[PDB]
């Protein structure tokens, strides 16, 4: 037992060194090269594991059922079950066996090639052939492709067929102007270290019709990932990139030859989209004749993924933002289907997944408006649109009488002198303000006063019935919405500011569309849904049906009344309930004050669609309502 336990320790240290890829450390614990001892030297054992385990991308060698006994005077037999991960999947239930040598004061392993794979002997070889899986597609609610694998036209040049001096400069100028390329790029591309005179130097993926090809330019058809909506859905869909050696070390079941999702749904659904590699891992004898098949299965192409997105609504929602900073979310509020998740400004995913320069990529990262942000999944203060929620809560708990008229004088207001210089501000100096008037004119002072009357306890009781703190079941990285930093406001100012939607509230556009769905479901909250096949999930009695039937008619007046803040939408001539909003942010970079513009709108007749749009850090005289008519027409026509 004293020496048997030393043998158990040596075997366990051997598997550990193999598991960690430190093959030299494992080889240094083997007996001398001899018959009945080790079959190879330490360097040859190191090279044997490094070549074989490296070829199969072996990872996570784990053992079990270890048994160590005694065979001779200084010979101890050992055996164990083992499993490992390879580029063809998990190799399970392996029967390893060997002997130990306890000559001096230390115990070594009589290494044999059967400690690489169980049934290897002498100079057996290992073979691995693989077949790449084709990546599945991402499609919209009607089968339109959002992310697909298609054939791309690759424009490139051969430096030998380009010219010598003068005619070479002319062809480069002709190719640069015929395909919209800079002249310095074509010369820099053909002058890279890897280029040889006869090589095909790829320049640009051209889409559509191909112009005339000058001397040296050729078009080659190559397969690659393609995004038909382009930047219009770049943040949601994401992009794929080349797989690196570090990716394979983390997951050997990837294809070192293929693509991996780097962001968006391409990354969230990388496993389902990439499929599984086919092929065979086999042992052969000294000559290439096959002995034992360790792992074998055919290739399984990636499965498709069908979204709730409407490809036309997604493109319209993105285009309406005009490249400004903002986001738009469209839903069918009775089921939660996410028709559109637009974020602006955006990046070119086709350029990212093909060839993008360090300069163009840097321009994306240093852009102050940050096109890489998924703004539909970023927490914002909801803005004064949030009056609807505060009103609904105030109606439910009897604090708010819809017909009671507050008297408000001026554009500023504070509870008392303890607020110091701070005052709640409104835009319209309306003296007599009831609930309907406050919603039509977007009166923040009314909301702030009603919130203070209601009090924190009653206000939080109404807010807690929503989805604050909840993790939505969506394949989009996102933080749960919050009412404030802590469980208490500990401030009348913070309570009042929250009343019209801008204290420490953080609610992303998707979570806003979730909350605001109560007005299209008689007080039932319907959780948003992105995968088409998923089941509708709702939350009942979030606000009272009485509050809905009081507020929605007022929200119609926000559009229909001549002084409603969304009155420009009455030009559509469609049934609309809407609510605009604003939010002031501290900025610090300009320390002048940034203002966000919000729009909420849905069909109050059939509840067929709902929209939440926002402009982040709006330019002067710009608004979300000014940009919404086109999307509202489309949704009203196609979602009743």
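Positions refer to the first chain, counted from 1.
Of 197 to 205 and 369 to 377, the one with larger mean CA B-factor: Higher mean C-alpha B-factor: 197 to 205.
Per the PDB record, is the mean Cα temperature factor higher over 392 to 400 or over 144 to 152? According to the entry, 144 to 152 carries the higher average C-alpha B-factor.
Criterion, highest CA B-factor; candidates, 159, 469, 322, 564: Of the options given, 159 has the highest CA B-factor in the PDB entry.
Check the PDB entry and point out which of 511, 358, 428, 407 has the largest C-alpha temperature factor. Checking the PDB record, the top C-alpha B-factor among 511, 358, 428, 407 is at 358.
Sorting the chain's modelled residues by C-alpha B-factor, tell me whether residue 69 ends up in the lowest, middle or highest third. Its C-alpha B-factor, which the entry lists for residue 69, ranks in the highest third among residues of this chain.
Which third of the chain does residue 571 land in by C-alpha B-factor: lowest, middle or highest? According to the entry, residue 571 has a C-alpha B-factor in the chain's middle third.
Mind checking which third residue 48 falls in for C-alpha B-factor across the chain? Ranked within chain, residue 48 CA B lands in the middle tercile.
Of the three thirds of its chain by CA temperature factor, lowest, middle or highest, which one includes residue 621? Ranked within chain, residue 621 CA B lands in the highest tercile.
Comparing against every modelled residue in the chain, figure out the third that the C-alpha B-factor of residue 583 lands in (lowest, middle or highest). Ranked within chain, residue 583 CA B lands in the lowest tercile.
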